[PDB]
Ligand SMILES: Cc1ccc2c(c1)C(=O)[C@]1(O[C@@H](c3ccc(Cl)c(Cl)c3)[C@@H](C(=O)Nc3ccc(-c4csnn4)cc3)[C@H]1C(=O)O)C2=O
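Given next, in structure tokens, is a single chain: the form solved without the named molecule.
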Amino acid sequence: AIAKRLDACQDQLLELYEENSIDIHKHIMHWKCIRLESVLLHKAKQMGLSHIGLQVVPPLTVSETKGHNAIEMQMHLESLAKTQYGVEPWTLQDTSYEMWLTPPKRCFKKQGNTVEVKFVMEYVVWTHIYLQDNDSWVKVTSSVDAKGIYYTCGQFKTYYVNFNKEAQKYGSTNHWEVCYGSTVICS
């Protein structure tokens, strides 16, 4: 049963991955399957197993976490999908959990251009950032300046990269240089 369900499940995941869909509804499914695989693998190591076929069963916590994150990504995507933004192209990467944890944290986004800061380090400037207020969504854009990278929602700016702060993790000075496509802004 379980060995079969997990099998059916991991199969659907594989097809999704190899499919490289641009429709957000498919990625909601990926996350839905990731949850099932984590539920099942949880049940699997619960029943005594430690190996299924040639696959190593992971720790009970490992699955708890992954299952937990999946439901988060699952719910946020479903909300977004109800909007005009949901009809846009959404890659498996645009919807990854790692991506979701890239500044600005907990916001979907795409078209991230690379900015370089010499104290060097690279940071991403998102062309499109979608903010979630309850179940409502807004689409804003980013900009770069001497203090850092930020997006704008009204008259207020929100920095998600603080060149200053970022300057402590490196040089002893308060001097840094920002290079953005042949353009250079300096302290």
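A residue's number is simply how far along the shown sequence it sits, counting from 1.
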Legend entry - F119-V120 interval: deposited residues absent from the model: 4 to 9
Inset, instruction - Averaging only over Cα atoms, indicate whether 9-17 or 171-179 has the higher B-factor in the PDB entry. - result: 171-179
Inset, instruction - Taking the mean of the C-alpha B-factors per stretch from the entry, tell me the winner out of 154-162 and 38-46. - result: 38-46
Legend entry - Highest-ranked of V144, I52, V140, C33 once sorted by CA temperature factor in the record: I52
Legend entry - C107, C-alpha B-factor rank within chain (lowest, middle or highest third): lowest
Inset, instruction - Grab the CA temperature factor for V115 from the record and place it in the lowest, middle or highest third of its chain. - result: highest
Legend entry - Third of the chain, ranked by Cα B-factor, where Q132 sits: middle
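The same protein also has a form deposited with the named molecule bound, omitted here; what follows describes it.
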Inset, instruction - Indicate whether the candidate residues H128, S142 and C179 are all in contact with the named molecule in the deposited complex, with contact defined as any heavy atom within 4.5 Å. - result: no
Legend entry - the named molecule in the deposited complex: contacting segment from 44-52, 130-138, 150-158, 30-38, heavy atom within 4.5 Å: 30-38
Legend entry - is_contact(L80, the named molecule) in the deposited complex, heavy atom dist at most 4.5 Å: no
Inset, instruction - May I ask you to state whether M99 is within 4.5 Å of the named molecule in the deposited complex, using heavy atom distances? - result: yes
Inset, instruction - Using a 4.5 Å heavy atom cut-off, state whether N162 contacts the named molecule in the deposited complex. - result: no
Inset, instruction - May I ask you to state whether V62 is within 4.5 Å of the named molecule in the deposited complex, using heavy atom distances? - result: yes
Legend entry - Sequence-ordered list of residues in 149-187 near the named molecule in the deposited complex, where near means a heavy atom within 4.5 Å: none
